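Student:
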Amino acid sequence: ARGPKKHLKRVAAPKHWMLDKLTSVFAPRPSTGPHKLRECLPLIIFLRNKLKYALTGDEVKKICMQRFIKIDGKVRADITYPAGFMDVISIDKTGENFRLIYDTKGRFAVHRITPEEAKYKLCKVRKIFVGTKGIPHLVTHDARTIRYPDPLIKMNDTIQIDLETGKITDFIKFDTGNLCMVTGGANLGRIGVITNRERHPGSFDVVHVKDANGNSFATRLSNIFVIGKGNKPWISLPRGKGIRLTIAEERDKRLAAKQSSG
Amino acid sequence: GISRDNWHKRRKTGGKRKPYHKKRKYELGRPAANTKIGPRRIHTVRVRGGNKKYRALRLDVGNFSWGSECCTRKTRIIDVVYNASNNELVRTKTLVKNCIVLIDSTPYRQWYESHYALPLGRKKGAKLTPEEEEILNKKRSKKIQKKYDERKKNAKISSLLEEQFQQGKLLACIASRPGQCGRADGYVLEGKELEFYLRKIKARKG
Amino acid sequence: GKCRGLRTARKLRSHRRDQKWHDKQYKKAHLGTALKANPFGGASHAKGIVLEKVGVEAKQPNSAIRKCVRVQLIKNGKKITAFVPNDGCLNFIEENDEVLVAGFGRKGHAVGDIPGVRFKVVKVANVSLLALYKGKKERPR
Amino acid sequence: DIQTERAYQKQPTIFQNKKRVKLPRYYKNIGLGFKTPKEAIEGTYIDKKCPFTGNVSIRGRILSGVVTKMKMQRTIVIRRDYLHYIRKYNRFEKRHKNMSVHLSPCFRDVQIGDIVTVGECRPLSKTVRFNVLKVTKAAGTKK
Amino acid sequence: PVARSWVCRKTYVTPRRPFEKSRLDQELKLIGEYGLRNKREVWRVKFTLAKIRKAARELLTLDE
RNA sequence: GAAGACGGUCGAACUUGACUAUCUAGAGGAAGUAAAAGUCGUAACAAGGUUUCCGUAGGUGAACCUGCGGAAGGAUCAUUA
RNA sequence: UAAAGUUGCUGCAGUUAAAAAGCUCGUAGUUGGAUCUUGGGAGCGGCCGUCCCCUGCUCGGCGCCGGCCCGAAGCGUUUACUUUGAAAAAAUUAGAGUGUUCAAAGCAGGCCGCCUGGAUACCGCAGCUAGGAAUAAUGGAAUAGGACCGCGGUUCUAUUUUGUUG
RNA sequence: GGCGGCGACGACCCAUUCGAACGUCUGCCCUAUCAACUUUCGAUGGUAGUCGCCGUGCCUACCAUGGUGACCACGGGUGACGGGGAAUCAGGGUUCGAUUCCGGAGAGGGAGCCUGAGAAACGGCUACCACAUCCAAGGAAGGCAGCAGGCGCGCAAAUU
RNA sequence: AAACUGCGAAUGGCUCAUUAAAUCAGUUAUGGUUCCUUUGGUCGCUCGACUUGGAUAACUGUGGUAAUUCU
């Protein structure tokens, strides 16, 4: 190509959207935004595919242009806006509020929350730099550039920010023992306490994470978030609590629920 | 056009390539600026990404520095003396980066004399007759003259600079890329740099 | 194999590579000379124009006269003696007729009693010679 | 020794015309647990491509190979032998790549046979993407 | 580029010897007994069993 | 601030000659293969009527013949103090 | 493409069926003798089974009258190998669920507003990671510029140091 | 007369997303009737510039004599776009992959460039070459390897 | 409506001719670069008019060429 791509083929789309392979040739190419192409859930896919308010994409136009969908605090009239991790989708006329947190299976769950909870989100810091006149700047995973943060906030921390203002409240240091939502790789959606960050100078730093049931796994650092101090999370978790019960456990727990419920 | 292509060239091994693609744009070359001494003609380019680049084609003024004691002044360039690239880019008076150029000294001489209050260059017998800077060699209070004398303890200049300042022509080295930035800035040579380049001027000349 | 070294991958591959050329079925397919000298140019079938009807004397043992058809191929301009199948089907081939011509069955080798005839006539004037023989299609003239 | 070339030879960082009444040397730690040699810190030479006293930054890959040729100015040829698995024959074949590698004159005691450690940096020249980081002499070679 | 499936596989395999008397007359014994219409209806069942029977072989190699 | 020109640069193309990858025409020559019954012989298979064969020479209508050395795949596993 | 073990790594042949160079030397290639740790300490089941241990020196917590037990860094023969981990587009293939009426398919669906799915496996080689050290290579001290020790000499160097300042 | 709300558009720079570009490591079919090749019309490297978005013999000037190869370079061929994949299939394999996804390339062949963030763009322009259209014969216009459709080519492929 | 302006037209689609360490793939680098757009910063930080100037198109009119989305 001799310039940037504007289309995205349906078969080329990221797997976690769970678009089929018979409705169209194309998937919605996410609008350029805070989150990456492969990590974002576009608004259209959150409206017509998950919540199923709309049927078509012209329906999602007729909902979003009425200025109802308020993604993390601000109204969005773009059907392919990249809503991503921790972002709070406020549909005001239904009085519903959703936080995009990963189900323990790779896909984003529909996780309803209290409006009292919806007022804040939690942001992983990507880097810190010192701006034009000794002014410490602070770039997050959703690119929310914050000037004059608390000086004890380091590179891989998280920051509980208030959406109505956009100011930090409290920050979780990246320390051993803290809860961790894993936001990349095979362990996507998994929750557990951070056990051992193993430093590999020049290469990628792996980070071991012990689960709540004790089923310890590992991840590359870059794919790791922190959601709580020790064992207590700062969000509401989606059901399953980021454990990833095995295919055998899933099977007999489907059999058990299928017979017991009736 | 004039291309900047790795693929027109023989491989490490000595075997020659075939082009799988035709000349791309982003492999621009552009013709050499070949900037000269004279009244300012600086053309602008539009370059990769809608950015600007300042083709110097004639350039005389230059913001040269005098590192030894921190001062840097806009000064007229008079000659190209030496180039470590080609011997022709001295014959053809072409300013490039790491050119050795004769520049004026009078901004530096005015500074030195308006900071240390010592007549620098200036042969004995030859006074300053018009009475301009004879006023700016005297006429302080008590403790301001004291400050100048305490500072004057550290006003010994090198023998080479003292000889160059006499002719009104210092030797300076272009640190800018006039074809790119459109400025002929740099630094005045001192010490073993100036010893080296005076030997190379002396080597080629005689 | 006659070198069971653990570090002998290239000798074993490079030997096999060299000794595959001593196979007929390989040497044939992996040179131009078999695909060039092929009158059909590597094609399955080929339309050509009948320039005479030819009796070919059957082999040593059995002794009939095999009614074949001398063909100028269109694509190449090359000369082919192509056999005509079942009883009395040379009566369906007027001279200067465009005939579709296939192989005989043995991948360009001479078949049965017929010396150096590798081809059969399939259709004549774009009408199938089985359909003319069974009388299903009539010859358009 | 130095100022052989037509242009003057100096480190671009250190300024050597502070007013008086030895040239101080710029050097850096390369990282990745590699000790900068004493020769780089002590030395008089100037080499812009040296990963201790030059404008080059080592990142990405760290390789190793036996030195083959020390012929041309300030660079050598290493020879990296490896075993390529052909799967049909469940066997390996001895292959080699011989890359051109820049050899900083902080490493002086280098002979053709010494196992040299190299680090990936920006392209120095048409064929050279590796500077030398340390030198281990061939097994035994002391006399 | 189109929104069509393409995914489709055969549900039978034609047997290697086309004229085993023992097979021809055991597959017609099946067709008569169970009122099927051609040997494709038999090779369809035989093929499903062979895929089941292939998957079983694959799992019996694995450790308990 | 338009035309236009000098110079540089990228460079299609064109002329001239050589090198050359494929295809094609070719007087004539010289082979090979294929036919049901052509001519001269009978070289080989029986000690094939001079044992056959190898290498290398020369010769001759043709198979071939002869010299020299070699082989048994020989027509002798042996031949007697 | 299989059948072709008629291209042969698995796995072919080479006295006479096609085939071992006239013979030998010979460099890259390929292959290469043996040898370098073992006994028991702790515990269970009914003499035999399954586990934990048989490297060492800067920063703090289960404690103690400068250090003892231990936690976290950093140096630690070098590789192949094996096991684990990270990471590795979907689509295809295997494969979980699901009566497209069956099926190929599909990614849906189920229940008198609620519930549920859209799993998982494989992804040679090369690269990254962490256990094992058998097998194979490589190494170290042999004119001693050899260890482990404490000592006495010599060139350049953090200041804790003279109430605050020469 | 002075103070302000909700937006729209604009804007230097930093960051972010979307990429792009050039680099690292390792991996490709046949061929030796291709064994030496590359190099003062750059071959490998040094030094200093020019150019370029930047790293680089990318290019100039002066240097040094390198660089690659029996672990097959170099040259030639390929009915060779590469890959994810396809067929076959005890276990090994063999063959295919123009073909809907990824990446590359080209718009009759070469070449040059305008605009723009992004093009050496061809449903943009400028020449040349080949072909071809309209012409009051002065001139003008062209690019279906987009969708249909036509001719031709063929064994071989659909509705203007 | 037209017209100026802005944005797009560099995506999509087609084909596979060329191309054999090239393309491509896995794997890293960009501490060597560029980046419309979105997103978030930034946008009285410089100590030195209650809104300015000349056009040009659409429109009207006069055309020319056999002919063009010519002008």
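Residue numbers (this note's numbering), protein chains in the order written: chain A, 8 to 269; chain B, 2 to 207; chain C, 16 to 156; chain D, 1251 to 1393; chain E, 31 to 94. Heads up, the beta-carbon is just placed ideally off N, CA and C, and yes, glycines get one too.
When the Cβ atoms of the segment 220 to 228 of chain A are set against those of the segment 171 to 178 of chain A, are three or more pairs found closer than 8 Å?
Tutor: No, the segment 220 to 228 of chain A is not in contact with the segment 171 to 178 of chain A.
Student: So, C:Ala97 versus C:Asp128, is the Cβ gap smaller than 8 Å?
Tutor: Cβ atoms of C:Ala97 and C:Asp128: not closer than 8 Å.
Student: Could you list the residues in the segment 197 to 213 of chain A with a C-beta less than 7 Å from some C-beta on chain D, going in chain order?
Tutor: If the cut-off is 7 Å between Cβ atoms, the segment 197 to 213 of chain A has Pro208 and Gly209 near chain D.
Student: Per the DSSP calculation, D:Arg1256 is bridged to which residue(s)?
Tutor: None; D:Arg1256 has no bridge partner.
Student: Would you identify the three-state DSSP class for A:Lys57, choosing helix, strand or coil?
Tutor: Of the three classes helix, strand and coil, the one that applies to A:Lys57 here is helix, per DSSP.
Student: Scan the segment 1340 to 1356 of chain D for residues whose Cβ lies nearer than 8 Å to a Cβ of chain C and list them as they occur along the chain.
Tutor: Against chain C - using a Cβ distance shorter than 8 Å - the residues of the segment 1340 to 1356 of chain D are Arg1341, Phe1342, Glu1343 and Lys1344.
Student: Check whether the Cβ atoms of B:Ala173 and B:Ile104 lie closer than 8 Å to each other.
Tutor: Their beta carbons are under 8 Å apart, which means B:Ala173 touches B:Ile104 by this criterion.
Student: What three-state label does DSSP hand B:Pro40 in the structure shown?
Tutor: Coil, per DSSP.
Student: If contact is defined by three or more beta carbon pairs under 8 Å, each pair taking one atom from either stretch, is the segment 179 to 193 of chain A in contact with the segment 147 to 167 of chain A?
Tutor: Flag = yes, the segment 147 to 167 of chain A and the segment 179 to 193 of chain A touch.
Student: Would you decide whether C:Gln34 is buried or exposed? Buried here means 16 or more other CB atoms lie within 10 Å of its CB.
Tutor: With fewer than 16 Cβ atoms within 10 Å of its Cβ, C:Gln34 is classed as exposed.
Student: Report the option in C:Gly16, C:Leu21, C:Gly57 and C:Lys68 whose CA atom is closest to the CA atom of C:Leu105.
Tutor: For C:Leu105, the nearest C-alpha among the options comes from C:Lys68.
Student: Provide the residue(s) that pair with A:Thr147 in DSSP beta bridges, ordered along the chain.
Tutor: A:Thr147 is bridged to A:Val132.
Student: Are the C-beta atoms of E:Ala85 and some chain A residue less than 8 Å apart?
Tutor: It does not; no Cβ of chain A falls within 8 Å.
Student: At a Cβ cut of 7 Å, what residues of the segment 84 to 102 of chain B count as close to chain D, listed as they run along the chain?
Tutor: Here the close residues are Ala85 and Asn99.
Student: Using only CA atoms, which one of C:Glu110, C:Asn77, C:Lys94 and C:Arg133 lies nearest to C:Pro100?
Tutor: That would be C:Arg133, whose Cα lies nearest to the Cα of C:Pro100.
Student: Take A:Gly192 and list the residues in its own chain whose beta-carbon comes closer than 8 Å to its own, dropping the five residues that flank it on each side.
Tutor: Closer than 8 Å at Cβ, skipping near neighbours: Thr226, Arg227 and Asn230.
Student: With distance defined between alpha-carbon atoms, name the residue in A:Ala34, A:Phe211, A:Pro49 and A:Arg154 nearest to A:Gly141.
Tutor: Of A:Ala34, A:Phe211, A:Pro49 and A:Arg154, the residue nearest in Cα terms is A:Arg154.
Student: Measure from the alpha carbon of B:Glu135 to the alpha carbon of each residue in B:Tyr149, B:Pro120 and B:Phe166, then state which is nearest.
Tutor: Cα-wise, what sits closest to B:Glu135 is B:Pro120.
Student: If the criterion is Cβ atoms closer than 8 Å, does the pair A:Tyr127 and A:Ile168 meet it?
Tutor: Result yes, Cβ atoms of A:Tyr127 and A:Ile168 sit closer than 8 Å.
Student: For B:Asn88, collect the residues of the same chain with a Cβ closer than 8 Å to its Cβ; drop the 5 residues on either side in sequence, then sort them by chain order.
Tutor: Excluding residues within five positions, the ones whose Cβ falls inside 8 Å are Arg205.
Student: Under 9 Å Cβ-Cβ, which residues of chain E neighbour A:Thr30?
Tutor: Chain E residues near A:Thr30: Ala33.
Student: With C-beta atoms as the reference, is D:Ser1314 less than 8 Å away from D:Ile1365?
Tutor: Going by C-beta atoms, D:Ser1314 is nearer than 8 Å to D:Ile1365.
Student: Name the residues in the segment 1300 to 1328 of chain D whose C-beta lies less than 8 Å from a C-beta of chain A; which are they?
Tutor: Within the segment 1300 to 1328 of chain D, the residues whose Cβ lies closer than 8 Å to some Cβ of chain A are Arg1309, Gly1310 and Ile1312, listed in chain order.
Student: Since residue 274 of chain A and A:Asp149 are thought to touch, with beta carbons under 8 Å apart, how far apart are those beta carbons, to the nearest angstrom?
Tutor: In the structure as shown, chain A starts at 8 and stops at 269, and residue 274 of chain A therefore has no counterpart that could be examined.
Student: Could you check whether E:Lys40 and E:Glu57 sit closer than 8 Å to each other, using their CB atoms as the reference points?
Tutor: No, Cβ-Cβ distance for E:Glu57 and E:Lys40 is not below 8 Å.
Student: Looking at chain A, is there any beta carbon in it that lies within less than 8 Å of the beta carbon of D:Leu1383?
Tutor: Not closer than 8 Å to any Cβ of chain A, the Cβ of D:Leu1383 fails to qualify, so no.
Student: Residue ranges of each alpha helix (DSSP H) run of no fewer than 4 residues wholly in the segment 154 to 178 of chain B, ordered along the chain?
Tutor: Within the segment 154 to 178 of chain B, the complete alpha helix (DSSP H) runs of at least 4 residues are 160 to 168.
Student: Could you work out which residue in B:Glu163, B:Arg56, B:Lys23 and B:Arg31 is closest to B:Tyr109 when comparing CA atoms only?
Tutor: Taking only the C-alpha atoms, the option nearest B:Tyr109 is B:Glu163.
Student: Since D:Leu1333 meets chain C, which of its residues come closer than 8 Å, beta carbon to beta carbon?
Tutor: The answer, in chain order, is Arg22.
Student: I'd like to confirm the pairing. Which residues does DSSP put opposite residue 276 of chain A in its beta bridges?
Tutor: Absent from the model: residue 276 of chain A. The displayed extent of chain A is 8 to 269, so no value can be given.
Student: Quick check on the burial criterion: 16 or more other C-beta atoms within 10 angstroms. Buried or exposed for A:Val32?
Tutor: Exposed, since its Cβ has fewer than 16 Cβ neighbours within 10 Å.
Student: Comparing alpha-carbon positions, which option in D:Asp1359, D:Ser1354, D:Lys1321 and D:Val1378 lies nearest D:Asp1297?
Tutor: If we check each option's Cα against that of D:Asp1297, D:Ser1354 comes out closest.
Student: Residues of chain D with CB under 7 Å from C:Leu27, in chain order?
Tutor: Within 7 Å Cβ-Cβ: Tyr1339 and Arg1341.
Student: Do A:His23 and A:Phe92 have their CB atoms nearer than 8 Å?
Tutor: Contact flag unset, no.
Student: Which residues mark the beginning and the end of the alpha helix (DSSP H) in which B:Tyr109 is found?
Tutor: Run containing B:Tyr109: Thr107 to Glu114, per the alpha helix (DSSP H) assignment.
Student: May I ask you to report which of helix, strand or coil DSSP gives B:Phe197?
Tutor: Helix.
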